[PDB]
Every structure is written in C-alpha cells, then in structure tokens.
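Notes for the one structure printed next.
Positions of Cβ are generated from backbone atoms using ideal geometry, with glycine treated the same way; all protein chains shown enter the neighbour counts. Quick note: the coordinates plus some simple rules give every number you see, no bench work behind them.
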Amino acid sequence: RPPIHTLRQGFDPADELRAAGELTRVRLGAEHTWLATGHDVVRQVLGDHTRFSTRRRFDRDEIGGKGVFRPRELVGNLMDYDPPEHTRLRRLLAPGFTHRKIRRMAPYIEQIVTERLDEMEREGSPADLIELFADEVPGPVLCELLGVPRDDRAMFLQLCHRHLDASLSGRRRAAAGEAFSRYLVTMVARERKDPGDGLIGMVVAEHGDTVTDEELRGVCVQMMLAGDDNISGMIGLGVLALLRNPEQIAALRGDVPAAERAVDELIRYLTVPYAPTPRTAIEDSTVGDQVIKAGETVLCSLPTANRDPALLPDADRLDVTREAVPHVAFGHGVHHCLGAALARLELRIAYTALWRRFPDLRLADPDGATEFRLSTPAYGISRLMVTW
Ligand code: HEM
C-alpha cells in the first residue's frame, strides 16, 4: 500500500525500491509518475529549473510561469516557487545562510544542545534520546536563525508545533493556525519598527519596502517546516548508526575536519528525505535515455541516488573517514538546501557533544525492535532508549 519511494529497510532503501530501474513509470496507489533513482538522472532533473516546474497546481491549468496565484499555505515556501519568483525570494534570504553567518550561531547551538543533554542527565538512564534530545534540538536553533526573541521561544515553539501537527483536522487545526498567525503578525510588526539580528530583521533592513508581511510570516512557518524533521531524523538515525558501528564513533572525538567528514558521510548514508519536491515537465526534454513529456511528473529517490556506484564504490557501507562526495541528500541546482551549512553545523555540534557528555553511551536494548519514524516527510527514529 505505501508508495515505493518511501520504502526503507534499516538505514537503507528497501530492496523493492533498489530493484526499480534508473528511470521508470510507476503508479502511486492513483497517480502516475516518473521515478528517477540513478545519481546522474536525479542531477539532470534537479539541475533543470527551466524545463521543470515545482509549483503545486490544482485541477490540471498553467504548469509553470510567473504571477500565478499562490495559496496562503505556500507563500514563502521556496520549494513551491519557480524562477523568476524563486530567484527573487532566494536572493532576499541567501545572506542569512552564509558560512560566516551560520558560524556565528555556534555558541547558541552549543548552549541549546547542552541544555537538552542536561535534561537527559536529570531524567537519568535509561532515557529516550528522541524525546529528550533529537526532537528538542532543532526548534530553538531555527528560532535563533529567524531572530525570534529569546524569551518568546517556548510559546513560539508550542504554537508552531500545533500548527504543523498533521494529526489535527477541522477547527482544532484551523485554530492552531489562527493562533500562530497572531504571534507572527506581532513579530513582523516588531521587526518593521526595530529590525532584529536574525533572518526576518536582516530582510526588512535591506529590502523592507519591497518585501510583504505575508511573505515574512510565510518565511517563518516554512523555515520551521523545512528544518525540523530532517534534523531530528538525522540525530536519531545517526546515533543508532554510530552505536551499531562503534569503531566509527572515534571520528566524532577528534579534530573538527574529521567530525565534519563524519557528518557529511552520515548525511549521504542515511538520506532522511525520501524525495525532493515533485517536478512537472513544462516542455519535452530528454533525461537519461527517455523522453519526459510535458505535463508528466518526475519524483527523485534521493536515498537510492546516494547508493549509486557511479557516486562512490562500497556505497552500501558506512565509512566516516572518507572524503565528501557530491551526493544529493541536500538536492542539487537552484533549490539546493538553503540550510545546508546550518544542518551540517547543528549535527556536528550535537554528535560531538553527546559523546563528550556520555563517553560510554550504549543502547538500552540492542536486541530489541527499532521504532522507525514512518509516514512522515523524513525518515527517522521515533523512540531510542539509551544508557551511560
Ligand atoms: C540534514 C538536514 C536537511 C536535509 C537532508 C535537507 C534536504 C533538503 C532538500 C533535498 C531540499 C531540496 C528540495 C527540492 O529541491 O525540492 C531542501 C531545500 C530547502 N531546505 Fe533543507 N534539508 C535539511 C535541513 C534544513 C535546515 C536546517 C534548513 C533551515 C531552515 C533547511 C531549509 C531549506 C529551505 C529553505 C529549502 C528550499 C530551498 C529552495 O527551494 O531554494 N533545510 N532541503
């Protein structure tokens, strides 16, 4: 019943997913799409921002293009944007995501990670690493990214949690949306009067009169949606991967270059997103061996692409010591993950700190079943009991 691109077995793409061709037509459930699994063909699809569109459309209706109405729920979602509109928004947001600016967040990330590790120690072992650490680190970090006032963060995160809660429907969902929107209206008004030092403040100081309040409010929701599940998934899965490959933990207790090498290897090997935004062909183009017809959709399996032998040899193995390779876990092209550096940093800090606090960290029950996080937009672990 579940679609083929969502299928996993342990840390790996499922055999069924691995058996599919480089580029074939599949049926979801009922929709019909192209599934691209090869590294080459995924890069060809993702590097093409002029013959493919990512803008969600309704009824089938103009495919790509400029100045089409966009529903509230998608304003400020860069992934739903085509150039030239994508190009505008990305350029406005880019200056907040450099290596230099993201490097400045290091002390705060260390603080957040330390506060969470403290909770674990206070709770005592055995402890659930997911609930106390993995699910708890990303929110505050994204707050800092945005420049949500330090003292507003607890209420901000709860309002946000309810709004992005897929389990809610009807009035409870609508009210969660209304409430969060109430805070973000206040936040944008605060920023319009005295621009802060995070992302929202940066944008109003430089481009104030040309950017809208809706856009700034949308940017806030969409950053939270883009940067939470992926990080919590990586922390959970990455810890399990390292614990089950204990010899490779030593790469997180050496110098920074080696811990950076371990992080990007874990990102490739675990590949938490199942797929980037579906692409719709605007005009006919050849991808790999096949003609993809206008109006047809393409879905890229990022995990399989990151197991392609053309990317690296011994690709189904975890090896933290190796040089970084041009994997597609963050995607490729103009939509290439805007938070890439932040993700890399966040994760490096969290892994390093965890083993610094708990050198002899172990699985509470290594012979028990693993509760994987299923039916979400990002693979992960929902519960992971640990001792120290
Ligand atoms: C390891 C964790 C992460 C992974 C694996 C990941 C992966 C990806 C991928 C594959 C895309 C491409 C989507 C597409 O082309 O359709 C993307 C886009 C994006 N990511 Fe991430 N991401 C991660 C963490 C983050 C974080 C921490 C942020 C910060 C908020 C973030 C913000 C974004 C944004 C804003 C985009 C849209 C960029 C655009 O469309 O131009 N991501 N990410």
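I want to check the label-to-label distance for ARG357 and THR286. Put each point 7 Å from Cα in the C-beta direction and report it in nm to one decimal.
Result for the modelled spin labels: 5.5 nm.
Check the straight Cα-Cα distances from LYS293 and name the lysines below 24 Å, setting aside those fewer than 8 residues away within the same chain.
Hits, sequence-local ones excluded: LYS66.
According to the Kirkwood expression over distinct Cα-Cα pairs, how big is the hydrodynamic radius of segment 1-123, in Å? The partial results should precede the final answer.
Numbers: mean 1/r = 0.0530 Å⁻¹.
For segment 1-123, the Kirkwood estimate is 18.9 Å.
Would you mind checking segment 1-43 for residues with the amide N under 14 Å from a putative spin-label position 7 Å along Cα→C-beta of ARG60?
Counting only backbone N, you get 26-34.
So if we plug the beta-carbon distance of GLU121 and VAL325 into 1/(1 + (r/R0)^6) with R0 = 30 Å, what FRET efficiency do we get, rounded to 0.05? Write down the numbers at each step before the final one.
On the way: r = 37 Å, r/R0 = 1.23.
It comes to 0.20.
What do you get for Rg/Rh over segment 113-229 if you use C-alpha atoms and the Kirkwood form of Rh? Numbers along the way, then the final one.
Details: Rg = 15.9 Å, Rh = 15.4 Å.
Computed over Cα atoms, the ratio is 1.03.
Any chance you could list the semi-axes, whole Å, largest first, of the equivalent ellipsoid that the Cα gyration tensor gives for segment 258-333, using √(5λ)? Don't skip to the answer; put the middle values down first.
Details: eigenvalues 170, 31, 17 Å².
Square roots of five times the eigenvalues give 29, 12, 9 Å.
Run through every distinct alpha carbon pair of the chain and return the Kirkwood hydrodynamic radius in angstroms, one decimal place. All intermediate terms of the calculation are to be shown ahead of the outcome.
On the way: mean 1/r = 0.0454 Å⁻¹.
With all distinct Cα pairs of the chain included, I get 22.0 Å.
How long is the gain from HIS336 to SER181 if the chain were fully straight, where each residue apart is worth 0.36 nm and the alpha carbon distance is subtracted?
Details: separation 155, 0.36 × 155 = 55.80 nm, distance 2.80 nm.
Computed gain between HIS336 and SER181 is 53.0 nm.
Report, ordered by chain and residue number, the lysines lying within cross-link reach of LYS193, taken as a straight Cα distance under 29 Å and ignoring same-chain residues fewer than 8 apart.
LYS101
Estimate the FRET efficiency between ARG172 and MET385 by the formula 1/(1 + (r/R0)^6), using the beta-carbon distance for r and 35 Å for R0, to the nearest 0.05. Display every interim value, and only then the final one.
Details: r = 31 Å, r/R0 = 0.89.
Result of the calculation: an efficiency of 0.65.
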